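Single chain ahead, by itself, as structure tokens, in the form deposited in one PDB entry.
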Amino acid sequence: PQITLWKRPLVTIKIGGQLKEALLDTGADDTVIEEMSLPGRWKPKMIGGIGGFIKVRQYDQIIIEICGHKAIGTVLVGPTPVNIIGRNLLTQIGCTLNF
């Protein structure tokens, strides 16, 4: 698909058996999702941006379906105001910027 940027590029994702809305975010290195259960070991991480940093839990080898495209990668879980699909998963669905 081609997604314009007149509004926030929000898409439906499936993760851990749950449906969520998430923002395709080329400015994000990492993918960060609101609190939810995920399988496996985790380690703590701090991620920062405007406003400062939040503490998240890092889970690896998590499968996500993004707008119908399956990908696997690291997913951070924590108190993010918005669910964010970052570059680590955008690459896996073949997402590019074009102009």
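Only residues modelled in both forms are compared. The first residue of the sequence shown is number 1, and the count goes up from there. C-alpha atoms forming the largest set that superposes within 1.5 Å between two forms make up the rigid core.
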query: Stretch with the higher entry mean CA B-factor, where the candidates are 14-22 and 82-90; finding: 14-22
query: Stretch with the higher entry mean CA B-factor, where the candidates are 58-66 and 28-36; finding: 58-66
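One more form of this protein exists, namely the form deposited in another entry; it is left out here, but the text below deals with it.
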query: Core-aligned C-alpha movement of residue 55 between this form and the one not shown, 2 Å or more; finding: yes
query: Core superposition between this form and the one not shown, C-alpha change of residue 46 at least 2 Å; finding: yes
query: In the other form, shift in Cα separation for residue 52 relative to residue 58, 3 Å or more; finding: closer
query: Change in CA distance between residue 49 and residue 94 in the other form, which is 3 Å or more, as closer or farther; finding: farther
query: Shifted regions of at least three residues between this form and the one not shown, judged by C-alpha displacement of 2 Å or more after core alignment; finding: 46-55
